Amino acid sequence: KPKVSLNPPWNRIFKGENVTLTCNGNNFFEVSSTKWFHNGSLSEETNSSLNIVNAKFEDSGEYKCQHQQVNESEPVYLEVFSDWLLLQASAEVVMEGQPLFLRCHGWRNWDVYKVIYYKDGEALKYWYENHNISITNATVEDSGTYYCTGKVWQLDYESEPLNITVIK
Ligand SMILES: *[C@@H]1O[C@H](CO)[C@@H](O[C@@H]2O[C@H](CO)[C@@H](O[C@H]3O[C@H](CO)[C@@H](O)[C@H](O[C@H]4O[C@H](CO)[C@@H](O)[C@H](O)[C@@H]4O)[C@@H]3O)[C@H](O)[C@H]2NC(C)=O)[C@H](O)[C@H]1NC(C)=O
Ligand SMILES: *[C@@H]1O[C@H](CO)[C@@H](O[C@@H]2O[C@H](CO)[C@@H](O[C@@H]3O[C@H](CO)[C@@H](O)[C@H](O)[C@@H]3O)[C@H](O)[C@H]2NC(C)=O)[C@H](O)[C@H]1NC(C)=O
Ligand SMILES: *[C@@H]1O[C@H](CO)[C@@H](O[C@@H]2O[C@H](CO)[C@@H](O)[C@H](O)[C@H]2NC(C)=O)[C@H](O)[C@H]1NC(C)=O
Ligand SMILES: *[C@@H]1O[C@H](CO)[C@@H](O[C@@H]2O[C@H](CO)[C@@H](O)[C@H](O)[C@H]2NC(C)=O)[C@H](O)[C@H]1NC(C)=O
Ligand SMILES: *[C@@H]1O[C@H](CO)[C@@H](O)[C@H](O)[C@H]1NC(C)=O
Ligand SMILES: *[C@@H]1O[C@H](CO)[C@@H](O)[C@H](O)[C@H]1NC(C)=O
Ligand SMILES: *[C@@H]1O[C@H](CO)[C@@H](O)[C@H](O)[C@H]1NC(C)=O
């Protein structure tokens, strides 16, 4: 029962960024003879850590790994974007009680100001120099559709909305 982890945790990234898919727990552990399936098609890498450089739209997809005598892992979907702002989430579905992290991410990692996170059309938090909103113990009320606004350079921009569910 293998589980694909990501680092950064962000599973929605901008074009050109880099992310690493570890076929297990911590990056302190290593292993050989691992299988990667991007969109179902077997990959050419075997290292348990499958890196991804200058993300191309084609990198968007369903990924999973498997071992010599083990059933393949639950798939993980990575989506690549091109836009001024991207709302990132630790996890899109969360079990009542777990942590939840949202991050208003600016293109090319630039800086964003006058940031405001929105939940269900309502203003929620506001900061000059942006900050990633975080939650330790998650309520079920926190489920909702988020999106953030911010000013980049000197213009205002709105992000794609993102639904989030907290089950119990
Ligand atoms: C595994 O399956 C995935 C399907 O979910 C594949 O991802 C899809 O990949 C295609 C091709 O890169 C991507 O389409 C892109 O190509 C368009 C023309 O080149 C480009 O214009 C699109 O982006 C822009 O245009 C659309 C329409 O106006 C906008 O909606 C976009 O926001 C943007 O402005 C686009 O990038 C698909 O989008 C992408 N699907 C998803 C859900 O992202 C993987 O390629 C496949 N893996 C492999 C290796 O085959
Ligand atoms: C994702 O990882 C890759 C690779 O580690 C990073 O790409 C690197 O990008 C720099 C540009 O910042 C490249 O070097 C620069 O090239 C220009 C022009 O050739 C030169 O003027 C600079 O002085 C510098 O040498 C570098 O080649 C490239 N590395 C590789 C291996 O391709 C990338 O930055 C990472 N993504 C992010 C968002 O950081
Ligand atoms: C092969 O996978 C290992 C992890 O299993 C990757 O190793 C990490 O590499 C960085 C430097 O690139 C080290 O600082 C880390 O300590 C390493 N971690 C471990 C667990 O050894 C390695 O990058 C992968 N190799 C390739 C070419 O993708
Ligand atoms: C996020 O979920 C919301 C509902 O919580 C979706 O919005 C509504 O979806 C229902 C589905 O039939 C429609 O009747 C409403 O008109 C939708 N409202 C709006 C303003 O779109 C929303 O589509 C979901 N978004 C994603 C990305 O799944
Ligand atoms: C492993 O896969 C087999 C079928 O290939 C399935 O019967 C079995 O339940 C799986 N292992 C676990 C722990 O579920
Ligand atoms: C922790 O989570 C449980 C349910 O998941 C809830 O009853 C409790 O109030 C939460 N703690 C806080 C501070 O919200
Ligand atoms: C918030 O964003 C910063 C980028 O400067 C990042 O280093 C940090 O890990 C993020 N914080 C959280 C709680 O994820």
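Looking at segment 37-67, which chymotrypsin sites (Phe, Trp or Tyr not before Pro) are in a loop (DSSP not H, G, I, E or B) and have at most 13 other Cβ atoms within 10 Å?
none
Let me know the charge dipole size of segment 82-168 about its Cα centre in debye, to the nearest 20, where only the beta-carbon of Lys, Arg (+1) and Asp, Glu (-1) is charged.
Around 200 debye, computed over segment 82-168.
Over what distance in Å are the Cα centres of segment 88-103 and segment 58-78 separated?
21 Å
If you average the sequence gap of Cα pairs under 8 Å that are 6 or more apart and divide by the length of segment 1-81, what percent do you get for the contact order?
Relative contact order, segment 1-81: 38 percent.
If you rank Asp156, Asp59 by fewest surrounding Cβ atoms within 10 Å, what's the result?
Ascending Cβ contact count within 10 Å gives the list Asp156, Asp59.
Go through segment 73-168 and name the chymotrypsin sites (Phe, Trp or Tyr not before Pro) that are in a DSSP coil and have 12 or fewer other Cβ atoms within 10 Å of their Cβ.
Within segment 73-168, the qualifying chymotrypsin sites (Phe, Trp or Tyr not before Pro) (loop, at most 12 other Cβ atoms within 10 Å) are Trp110, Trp153.
Given an 8 Å cut-off on Cα distances and at least 6 residues of separation, report the relative contact order of segment 82-168 as a percent.
36 percent
Does segment 1-81 come out rounded, prolate or oblate by the C-alpha gyration tensor, with a ≥ b ≥ c the root eigenvalues, rounded set by a/c under 1.5 and, if not, prolate when a/b is larger than b/c and oblate if not?
prolate
Can you compute 3J(HN,Hα) from phi for each residue in segment 118-126, using the Karplus curve 6.51 cos²θ - 1.76 cosθ + 1.60 with θ = phi - 60°, rounded to whole Hz and x for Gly and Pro?
Running phi through 6.51 cos²θ - 1.76 cosθ + 1.60 with θ = phi - 60° gives 10, 10, 6, x, 9, 5, 9, 9, 9 Hz.
Taking only C-alpha pairs under 8 Å that are 6+ residues apart, what is the relative contact order of the chain in percent?
Rounded, it is 20 percent for the chain.
May I ask you to list the residues of segment 75-101 whose amide nitrogen lies under 17 Å from a point 7 Å from Cα along the Cα→beta-carbon direction of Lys15?
It comes to 79-87, nothing else.
In segment 39-106, which GluC sites (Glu not before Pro) fall in coil by DSSP and have 10 or fewer other Cβ atoms within 10 Å?
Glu44
Among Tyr128, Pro99, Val140, whose Cα sits farthest toward the positive end of the charge dipole of segment 90-154 (+1 at Cβ of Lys/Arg, -1 at Cβ of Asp/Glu, about the Cα centre)?
Towards the positive end, the residue furthest out is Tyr128.
Mind putting together the pair-distance distribution for the chain? All Cα pairs, 10 Å bins, whole percent per bin, short to long.
Computed distribution, short to long bins: 10, 34, 32, 19, 5, 0.
Given +1 on the Cβ of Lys and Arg, -1 on the Cβ of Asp and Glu, and no further charges, what dipole in debye does the chain carry about its Cα centre, rounded to the nearest 20?
Value, rounded to 20: 240 debye.
Would you compute, for the Cα atoms of segment 82-168, the largest minus smallest coordinate along each principal axis and list the three values in descending order, in whole Å?
Result, largest extent first: 42, 23, 20 Å.
Cβ sites come from the backbone with ideal geometry, for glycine too, and all protein chains shown count toward neighbours. Every number here is computed from the coordinates shown, using simple stated rules; none is lab data.
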